[PDB]
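Novice: In the entry's author numbering, the protein residues as written are 441 to 798. Even for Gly, the Cβ is constructed at its ideal location relative to N, Cα and C.
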Ligand SMILES: CCCCC(=O)N(CCCC)Cc1ccc(C(=O)NO)cc1
Ligand SMILES: [K+]
Ligand SMILES: [K+]
Ligand SMILES: [Zn+2]
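Written as structure tokens, this is what we have:
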């Protein structure tokens, strides 16, 4: 009988915005998600995995010493220096606890990946903040200090073998620019992101997120960007992108571990997303991914800012991991026109690299 792991530690709530207590990357994101897991009796069904701090050596798997040093130094900064330092980055706020919280998010994911790979659990869910996928080797960005998901891929390889095949599926509504760049030349880590794009008119505002960035060097083919160019994208479009692109390429890659950069800011009612993926939609995406890697799937919270939407949606993913039957989902609504164009563009760009694409 498969076991699902869950990691959550309330200390990650201590990271906060000292100048706008209502900033959407709120401490209560993770406490609300946790409370919903309790209310729905999902937590009791999971094997509880402890949180830990990542070490500086583990952060060096993906991040420069200079970047680690500056964020580490924030732990001891006065408020005015914390405000100045955060303003040096694109969309970062920093408190004295931010470094420790970012370490806890990553270490929680390391312990979860270790639990999966050593067979203590089949799959796992990590209710963590601050998020990770915008963080670059050398810089913080977009509410993210260290790239939790990228680090976890490298940590996984470190405790198994260097060539362990890791799939990172990033379904946060924004492009994980950091994850793409860290693995852009790497054919051991397949990065697939779906994201609102709008010709660069959506954070992180760069053409790096377009469908024609397919990877570099021996990494060519191992970066798959599925960019959306409309709005009100929802279950039909995400289901179709998984059917035509994500699952065929993932099967051809044959990952041994699946990490999900699981932002829930493509969910209904999110001012930072504008999309309408339903909890049932997220369930179906999770369940499709469980078909890979002998079920070795780790779900990692990234963004997502409507407290009710992220709590319902992430709980539905945990329900899928636990083996519950996927809910009824509509399969008949026609796609938005732009979404057919996006999927077609990615298929044409990735035809050279993935023989099973049609
Ligand atoms: C101000 C420009 C319009 C909004 C914007 O671009 N912002 C918001 C700044 C504060 C809300 C930066 C941002 C947005 C989303 C994420 C995220 O959710 N990533 O996964 C990260 C960073
Ligand atoms: K994404
Ligand atoms: K890659
Ligand atoms: Zn996001």
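Given that a residue counts as buried once 16 or more other Cβ atoms are within 10 Å of its Cβ, and exposed if not, what is residue 470?
Specialist: buried
Novice: Is the Cβ-Cβ distance between residue 585 and residue 542 less than 8 Å?
Specialist: Yes, these two residues count as a Cβ contact at 8 Å.
Novice: Here's the rule: buried if 16 or more other CB atoms are within 10 angstroms of the residue's CB, otherwise exposed. What is residue 518?
Specialist: Counting other Cβ atoms within 10 Å of its Cβ, residue 518 stays below 16 and is therefore classed as exposed.
Novice: Taking residue 794 and residue 689 to be in contact with their CB atoms under 8 Å, please state how far apart those CB atoms are, rounded to whole angstroms.
Specialist: 5 Å
Novice: Candidates 522, 657, 520 and 547: which alpha carbon is nearest residue 490's?
Specialist: 547
Novice: Use the C-beta contact count for residue 790: other C-beta atoms within 10 angstroms, 16 or more gives buried, fewer gives exposed.
Specialist: buried
Novice: By DSSP, does residue 589 sit in helix, in strand, or in coil?
Specialist: In the structure shown, residue 589 sits in a helix (DSSP, three-state: H, G or I).
Novice: For residue 742, I'd like the list of residues in its chain whose CB is within less than 7 Å of its CB, leaving aside the five on either flank, ordered along the chain.
Specialist: 571, 572, 573, 612, 701, 702 and 703
Novice: Would you say residue 755 and residue 562 are within 8 Å of each other, going by their C-beta atoms?
Specialist: no
Novice: Sorted by chain position, which residues of the same chain lie with C-beta nearer than 7 Å to residue 593's C-beta, five sequence neighbours on each side aside?
Specialist: 606, 608, 629 and 699
Novice: Mind checking which residues open and close the alpha helix (DSSP H) that includes residue 681?
Specialist: 675-681
Novice: Leaving out five residues on either side along the sequence, give the residues of the same chain with a beta carbon under 8 Å from the beta carbon of residue 602.
Specialist: 628
Novice: Confirm the yes/no value for this check: CB of residue 624, any heavy atom of ligand 3, distance under 7 Å.
Specialist: yes
Novice: From residue 453 to residue 626, what distance separates their C-alpha atoms?
Specialist: 34 Å
Novice: Across which residues does DSSP place residue 741 in a beta bridge pair?
Specialist: According to DSSP, residue 741 bridges with 702.
Novice: Cβ atoms of residue 761 and residue 556: under 8 Å apart, would you say?
Specialist: no
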